[PDB]
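Counting from 1 along the sequence shown, just add 72 to a position and that's the residue number in the working numbering. Here a beta-carbon is modelled for each residue, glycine too, at the ideal position from N, C-alpha and C. Note sheet for the following structure.
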Amino acid sequence: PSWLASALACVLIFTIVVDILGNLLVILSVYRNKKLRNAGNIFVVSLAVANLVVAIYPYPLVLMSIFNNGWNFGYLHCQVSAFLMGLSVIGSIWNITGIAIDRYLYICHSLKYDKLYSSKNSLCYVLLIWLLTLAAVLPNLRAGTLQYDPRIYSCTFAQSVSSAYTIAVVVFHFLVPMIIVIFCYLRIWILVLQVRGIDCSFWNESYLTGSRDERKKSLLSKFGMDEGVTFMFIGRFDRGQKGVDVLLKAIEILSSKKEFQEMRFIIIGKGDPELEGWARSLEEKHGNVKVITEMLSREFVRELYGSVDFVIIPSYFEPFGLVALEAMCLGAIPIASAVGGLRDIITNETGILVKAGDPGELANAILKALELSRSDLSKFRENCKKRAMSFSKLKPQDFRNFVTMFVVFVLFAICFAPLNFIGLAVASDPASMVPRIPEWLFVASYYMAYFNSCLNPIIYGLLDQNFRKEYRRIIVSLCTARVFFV
Ligand SMILES: COc1ccc2[nH]c(-c3ccccc3)c(CCNC(C)=O)c2c1
Numbered sequence: 073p074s075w076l077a078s079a080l081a082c083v084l085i086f087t088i089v090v091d092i093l094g095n096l097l098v099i100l101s102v103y104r105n106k107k108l109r110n111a112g113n114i115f116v117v118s119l120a121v122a123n124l125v126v127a128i129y130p131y132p133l134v135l136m137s138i139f140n141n142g143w144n145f146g147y148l149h150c151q152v153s154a155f156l157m158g159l160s161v162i163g164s165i166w167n168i169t170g171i172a173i174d175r176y177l178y179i180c181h182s183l184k185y186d187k188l189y190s191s192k193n194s195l196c197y198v199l200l201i202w203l204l205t206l207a208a209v210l211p212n213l214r215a216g217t218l219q220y221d222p223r224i225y226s227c228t229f230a231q232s233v234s235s236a237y238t239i240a241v242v243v244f245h246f247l248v249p250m251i252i253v254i255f256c257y258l259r260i261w262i263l264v265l266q267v268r269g270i271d272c273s274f275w276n277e278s279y280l281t282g283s284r285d286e287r288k289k290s291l292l293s294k295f296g297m298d299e300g301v302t303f304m305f306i307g308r309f310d311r312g313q314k315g316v317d318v319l320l321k322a323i324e325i326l327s328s329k330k331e332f333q334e335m336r337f338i339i340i341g342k343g344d345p346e347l348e349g350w351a352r353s354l355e356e357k358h359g360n361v362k363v364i365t366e367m368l369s370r371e372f373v374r375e376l377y378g379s380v381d382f383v384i385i386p387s388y389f390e391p392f393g394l395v396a397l398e399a400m401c402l403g404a405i406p407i408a409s410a411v412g413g414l415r416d417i418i419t420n421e422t423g424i425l426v427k428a429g430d431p432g433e434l435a436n437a438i439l440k441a442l443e444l445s446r447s448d449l450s451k452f453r454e455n456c457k458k459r460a461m462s463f464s465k466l467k468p469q470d471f472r473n474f475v476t477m478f479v480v481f482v483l484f485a486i487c488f489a490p491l492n493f494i495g496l497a498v499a500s501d502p503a504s505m506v507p508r509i510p511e512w513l514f515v516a517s518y519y520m521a522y523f524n525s526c527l528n529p530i531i532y533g534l535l536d537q538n539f540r541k542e543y544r545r546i547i548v549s550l551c552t553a554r555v556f557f558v
């Protein structure tokens, strides 16, 4: 591996200079730019320090130790250069975990309130992380798991010294954050999609005509059944997806009760012809249950939302669930099973929540829904309308900062995924798998993780226009131009 030594010098040389100047601009830009000066980006400076620390002291020692092919400094230099690298890399996730949490709170808050989320505790909240990162890394001095490795020319955490410490490192300081940050950004993506796909000019009460009671008496008279509390299912028919099967079991459970007489059901959809035969059966047996097996226009569906009292959404899985939100626009109060999407949308004040896949709990919800007077429903419909209106409030917003912080996270995971994956293979049998693991894969896994300390400024430049507009200002002020009297 002759040239493979010289190459490893380049990678660090790049990494140290880019990290030094790059993350120096990131601190400057946040202090210098009023748009980037918000307290939510306190985490970005804390992260840019963590990146920037390992280029002042550790990577210099490791760069020299490549050209030496050996450690030529003290054991303290080895024990301390290793220690700062751990304060960095562990702090760099737990910062990134904070950012992912911060921006989840930012979206959820801005739905519920009309005065931007302030990130009020962020400086105080950073000091919890740097205690958490100092508490996790500090035990490795006394246990003696920090030692020089000749393959990577560096002093670092030896995985093979104790598999108790590696598995604890890998689970608690990679897999636990990885799960938190995926969960955060996934639930953000659902909400930003729910925002994207809600046509407010279509799903609007304006397009309807009279009062509600009159429009309902019309709709029910149009199907040939009397006045009553009306319920509506509208989703394709299937044994386990959108949940028409749970509804039909629930209607049979209700049919015997005295309170059934005061109910009206309007089932819409097409799919399993046996479930269509089961629904058509309940149509023939009871005149208060109507079943519509063909394709209705969204024009007409709008009116049904506008006319009925409740919309039943008994879905097993339902990732986005606009059907709930669209219906709330026109005062339809959803009774809907707790699912990702519906748990985000439906609050406990707007509509009713049910344990998914249960005829009895759905029936007792329909019974709970029934025991509700005309005056009591008015506020529910108001809350439903206010709730759907908050999703359209976010439609024109700039969502690019979510991408910039997510791309930070994605590139982090890529760099440290190998090192943590290897660290589990080492943990299985330290004696066996230190030689058995491919020797290039060990070297690559480490030098990506180092290279990650120069990547944050490069990403902020390309994706966030405020940072790029400030790199122009920061660079063109210091270096470019000066005073000059004519
Ligand atoms: C928790 O104690 C420490 C203590 C010091 C540490 N230094 C590094 C490291 C820094 C840059 C590139 C590669 C590894 C780790 C991270 C080591 N993680 C694994 C799975 O081996 C580290 C951990």
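Looking only at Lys440, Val134, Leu93, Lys357, the smallest Cα-Cα distance to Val301 is reached by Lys440. Around the beta carbon of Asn420, fewer than 16 other beta carbons sit within 10 angstroms, so the residue counts as exposed. Under the three-state reduction of DSSP, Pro73 is assigned to coil, being neither helix nor strand. Assigned with DSSP and collapsed to three states, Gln313 falls in coil, not helix or strand.
Bounds of any alpha helix (DSSP H) do not take in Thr217, whose DSSP letter is neither H nor E. Restricting attention to alpha helix (DSSP H) runs no shorter than 4 residues, the stretch 371-432 encloses them at 394-401, 414-417, ordered along the chain.
Taking the Cα of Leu397 as reference, the smallest distance to any Cα among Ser409, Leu414, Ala410 is reached at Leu414. The beta carbon of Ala154 sits closer than 8 Å to at least one heavy atom of ligand 1. Residue ranges of uninterrupted alpha helix (DSSP H) with 4 or more members, entirely inside the stretch 89-155 and ordered along the chain, are 114-128, 130-140. Shown here for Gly307: same chain residues with a beta carbon closer than 6 Å to its own, the five before and five after excluded, namely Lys314, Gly341 in chain order. Here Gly269 is not near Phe471, since their CB atoms are 9 Å or more apart. The alpha-carbon separation between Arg223 and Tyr131 amounts to approximately 15 Å.
Per DSSP, the unbroken beta strand (DSSP E) holding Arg336 starts and ends at 335-340. For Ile162, the distance from the CB to the nearest heavy atom of ligand 1 is below 8 Å. When secondary structure is reduced to three states using DSSP, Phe229 falls in the strand class. Here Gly170 carries a helix assignment [DSSP, helix/strand/coil]. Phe255: not part of any beta strand (DSSP E); member of the alpha helix (DSSP H) spanning 248-268, first to last residue. Per DSSP, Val361 lies in no alpha helix (DSSP H) segment; the continuous beta strand (DSSP E) that holds it begins and ends at 361-364. For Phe229, the shortest C-beta to heavy atom distance toward ligand 1 is below 8 Å. With a cutoff of 8 Å, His245 counts as near ligand 1, since its C-beta is closer than that to a heavy atom of the ligand. DSSP places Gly495 in the helix class (H, G or I) of the three-state scheme. When the alpha-carbon of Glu324 is set against those of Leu491, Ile85, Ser353, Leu368, the nearest one is in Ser353.
Straight-line spacing of the CA atoms in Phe332 and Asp381 works out to 15 Å. DSSP places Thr302 in the strand class (E or B) of the three-state scheme. In terms of side-chain proximity, the C-beta atom of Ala207 is found no nearer than 8 Å to any non-hydrogen atom of ligand 1. Taking C-beta separations shorter than 7 Å and ignoring five residues to either side along the sequence, the partners of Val209 in its chain run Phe155, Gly158, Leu159, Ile162, following chain order. Judged by beta-carbon spacing, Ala408 lies beyond the 9 Å limit of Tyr377, meaning their Cβ atoms are not closer than that value. When DSSP states are grouped into helix, strand and coil, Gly343 belongs to the strand group. Cα atoms of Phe255 and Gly412: separation of roughly 11 Å, rounded to the nearest angstrom. The alpha-carbon of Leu177 is positioned some 27 Å away from that of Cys487.
Shown here for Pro431: same chain residues with a beta carbon closer than 6 Å to its own, the five before and five after excluded, namely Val318, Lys321, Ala322, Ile325 in chain order.
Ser235 places its beta carbon less than 9 Å from that of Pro502. CA-to-CA, the gap between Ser549 and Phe557 works out to about 18 Å.
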